[PDB]
Amino acid sequence: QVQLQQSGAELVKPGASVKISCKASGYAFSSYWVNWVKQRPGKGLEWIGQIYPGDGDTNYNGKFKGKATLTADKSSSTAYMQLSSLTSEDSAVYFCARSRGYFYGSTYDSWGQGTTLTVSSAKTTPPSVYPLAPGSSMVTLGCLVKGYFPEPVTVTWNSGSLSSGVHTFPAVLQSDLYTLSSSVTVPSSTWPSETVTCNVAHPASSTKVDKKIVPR
Amino acid sequence: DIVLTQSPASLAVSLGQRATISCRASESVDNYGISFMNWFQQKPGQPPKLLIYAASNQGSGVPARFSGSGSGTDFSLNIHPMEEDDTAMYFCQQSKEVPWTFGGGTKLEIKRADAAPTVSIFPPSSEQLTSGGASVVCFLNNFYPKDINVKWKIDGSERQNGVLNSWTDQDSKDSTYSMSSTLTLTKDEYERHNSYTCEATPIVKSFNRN
């Protein structure tokens with residue numbers, strides 16, 4: 001199938017540059033424009049520019065001229081976007097997207113998954129992971145993932161096999177550190193007679209933690 | 001540049017009913033009878049997904065409950081019948097003139113019957129106490145409508161400092177909302193009090209520090 005796969009999240013200090021990639025598969029990469037789009041954490045969508053990989057021609061939004069540089073590598077079917085002289089205003093999710101011809105309103109019809117850029121001088125900090133058991137017919141358990149930077153973390157229950165009855169809440173930022181929580185609700189016949197475990201990964205600090213939820 | 005203005009910014013619609021979202025452009029987004037107006041849906045953590053291209057054409061795989069109308073500067077997206085998984089952000093977009101631009105977005109949510117939260121309160125973990133901190137966590141899960149008030153009490157007195165709240169986006173299956181509220185104290189402050197209460201407005205859950 002038609003697919004665009006983007007590079008991973010990056011944390012960079014103000015003043016640096018970064019280059020994000022978008023690898024295409026499932027179609028003739030040279031023949032369709034590749035577009036780049038910015039979405040600020042809680043905001044709308046802005047078009048940065050586009051490149052035609054077959055010949056390297058680019059059209060830019062003037063708002064991003066001298067901030068963004070678009071290139072392409074035909075041989076590996078990969079488009080690149082470099083962002084320079086970075087500031088906190090560049091912290092955002094960036095998407096690549098294939099667009100179609102005028103027969104299709106020149107619409108986007110395939111998107112990469114997004115790459116999150118964090119531009120900050122704050123220091124990478126791993127989470128503390130705290131299991132939440134009741135003070136003690138359904139029982140709710142929790143996992144508090146406190147004091148990490150940058151985003152994201154990944155939280156699962158029982159290595160992902162416990163997926164129903166879960167709520168994982170958006171992180172909150174305070175004093176350059178994030179905190180989030182996750183709840184899981186299970187039948188009382190399944191805990192603590194059976195085991196429930198919170199699994200947390202924080203890729204930016206190369207940390208993985210498993211904490212069983214132990215009855216009190 | 002072409003500015004796209006969406007109306008309304010937020011909309012709530014009942015299951016089975018019709019949602020209409022409007023997009024007005026500062027200048028025409030058509031030429032030669034072709035429209036360069038496109039509509040997208042975006043769910044949390046995902047890229048936008050095409051619904052309607054060139055004003056009125058369903059994208060590949062897009063259901064007939066989505067339709068588009070308009071020409072020149074005036075466009076609209078219709079969804080009928082509304083379904084639970086249609087809770088999402090919706091954007092119009094024009095590809096007529098570089099730079100391509102998007103509307104500001106419309107948050108479309110589903111109406112349903114009111115539901116009280118399932119409330120759970122948790123003392124600080126022993127692990128956190130060994131490092132000198134004490135977070136008390138309260139979950140208020142699967143409620144409707146989204147507007148809810150959480151109140152903390154310590155030994156009977158309302159407590160507002162040290163509280164941080166987070167809300168989920170509307171559930172795509174049951175149309176409810178959930179929230180977490182965390183009260184963070186030092187270990188020494190936590191150990192100075194006995195009863196900790198979380199209230200939803202009330203539904204009350206408490207524990208006593210033992």
Side-chain angles (χ1 to χ4, degrees), chain A residues 1-10 12 15-40 44-87 89-117 119, chain B residues 1-2 29 31-32 34 36-38 40 47-50 53-54 59-60 91 93-102:
Chain A
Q1 180 61 250
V2 173
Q3 192 171 6
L4 298 179
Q5 175 67 22
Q6 297 182 230
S7 48
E10 299 298 346
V12 312
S17 297
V18 68
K19 188 176 286 181
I20 296 174
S21 61
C22 175
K23 182 170 171 64
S25 59
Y27 73 98
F29 178 69
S30 289
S31 298
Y32 303 86
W33 289 89
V34 178
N35 299 267
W36 293 88
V37 173
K38 178 180 183 180
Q39 186 163 39
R40 285 272 268 167
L45 296 157
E46 286 189 288
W47 182 86
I48 297 167
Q50 62 184 187
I51 186 163
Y52 189 75
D55 65 19
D57 284 357
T58 52
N59 296 312
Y60 289 92
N61 186 339
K63 177 178 172 165
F64 290 91
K65 280 183 181 78
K67 173 65 63 172
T69 303
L70 306 183
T71 56
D73 171 19
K74 294 171 54 174
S75 176
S76 69
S77 302
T78 303
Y80 300 96
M81 174 169 71
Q82 182 176 6
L83 299 168
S84 300
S85 303
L86 291 169
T87 72
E89 301 175 62
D90 299 310
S91 297
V93 179
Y94 294 90
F95 296 99
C96 60
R98 184 177 83 164
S99 57
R100 302 295 298 270
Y102 65 79
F103 185 78
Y104 294 103
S106 293
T107 188
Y108 314 111
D109 77 335
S110 191
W111 294 72
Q113 78 276 21
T115 298
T116 303
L117 175 63
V119 178
Chain B
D1 295 0
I2 301 184
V29 295
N31 202 37
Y32 291 109
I34 297 173
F36 300 89
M37 167 61 45
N38 308 296
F40 299 85
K49 176 186 182 177
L50 177 63
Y53 68 87
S60 299
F91 294 92
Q93 182 269 333
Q94 66 85 21
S95 296
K96 187 198 184 272
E97 186 190 77
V98 172
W100 296 359
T101 51
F102 296 86

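Labels below follow one simple rule: chain letters A, B, ... track the order of the sequence lines, proteins then strands, and each chain is numbered from 1. All values below were derived from every heavy atom in this structure, side-chain atoms included, with hydrogens, water molecules and symmetry-related copies excluded.
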- Item | ring-ring contact (aromatic ring centres under 6.0 Å, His included) between A:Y108 and B:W100, intermediate numbers included | CA-CA 11 Å; A:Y108 314 111; B:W100 296 359; 5.8 Å; yes
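For A:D90 (side chain) and A:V119 (main-chain N/O), no donor-acceptor pair under 3.5 Å exists by modelled atom type. Of the possible donor and acceptor atoms, one in the side chain of A:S7 sits under 3.5 Å from a partner among the backbone N and O of A:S21. The closest donor-acceptor contact from the side chain of A:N61 to the backbone of B:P99 lies at 3.5 Å or more, if one exists at all. Formation of a donor-acceptor pair under 3.5 Å by the A:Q6 side chain with backbone atoms of A:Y94 is found in this model. Remark: the backbone N or O of A:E89 is paired with a side-chain donor or acceptor of A:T87 at under 3.5 angstrom. A:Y60 places a side-chain N or O within 3.5 Å of a backbone atom of A:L70 that can act as its donor or acceptor partner. Using a distance-only test at 3.5 Å, with no hydrogens or angles considered, a donor-acceptor pair links the side chain of A:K67 to the main chain of A:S84. For A:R100 (side chain) and A:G105 (main-chain N/O), no donor-acceptor pair under 3.5 Å exists by modelled atom type. No donor-acceptor pair under 3.5 Å is formed between the side chain of A:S110 and the backbone N or O of A:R98. In terms of modelled atom types and a separation under 3.5 Å, the side chain of A:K74 and the main chain of A:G54 share a donor-acceptor contact.
Taking all atoms of both residues into account, the shortest heavy-atom contact from B:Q94 to B:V29 is CB-CG1, 3.7 Å. Here the closest non-hydrogen pair linking A:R40 and A:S91 is NH1-O, 2.9 Å. Of all heavy-atom pairs between B:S95 and A:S106, the closest is OG-O, 3.0 Å. A:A68 approaches A:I48 most closely through the heavy-atom pair CB-CG2, 3.6 Å. Between B:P48 and B:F40, the shortest heavy-atom contact is CB-CB, 3.9 Å. Nearest heavy atom pair, residue A:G8 against residue A:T115, reads O-CG2, 3.3 Å.
Rounded to the nearest 0.5 Å, atoms CD (A:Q50) and SG (A:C96) are 13.5 Å apart. In this structure, A:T69 OG1 and A:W36 CH2 are separated by 12.0 Å, a value rounded to the nearest 0.5 Å. Interatomic distance, A:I20 CD1 to A:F95 CZ, rounded to the nearest 0.5 Å: 11.0 Å. Atom CD of B:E97 and atom CG of B:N31 lie 11.5 Å apart (nearest 0.5 Å). Here the CH2 atom belonging to A:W33 is positioned 4.5 Å from the CG atom belonging to A:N59, to the nearest 0.5 angstrom. A:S30 OG to A:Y52 OH: the interatomic distance, rounded to the nearest 0.5 Å, is 7.5 Å.
Surrounding OH of A:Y27 are more than 12 heavy atoms belonging to other residues, nucleotides or ligands, all under 6.0 Å away.
For A:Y104, the ring pair (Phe, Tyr, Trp, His ring centres under 6.0 Å) partners two or more places apart in sequence, or in a different chain, are B:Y53. Annotation: salt bridge (charged side-chain N to carboxylate O under 4.0 Å, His left out) contacts of A:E46 (sequence neighbours excluded): A:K63.
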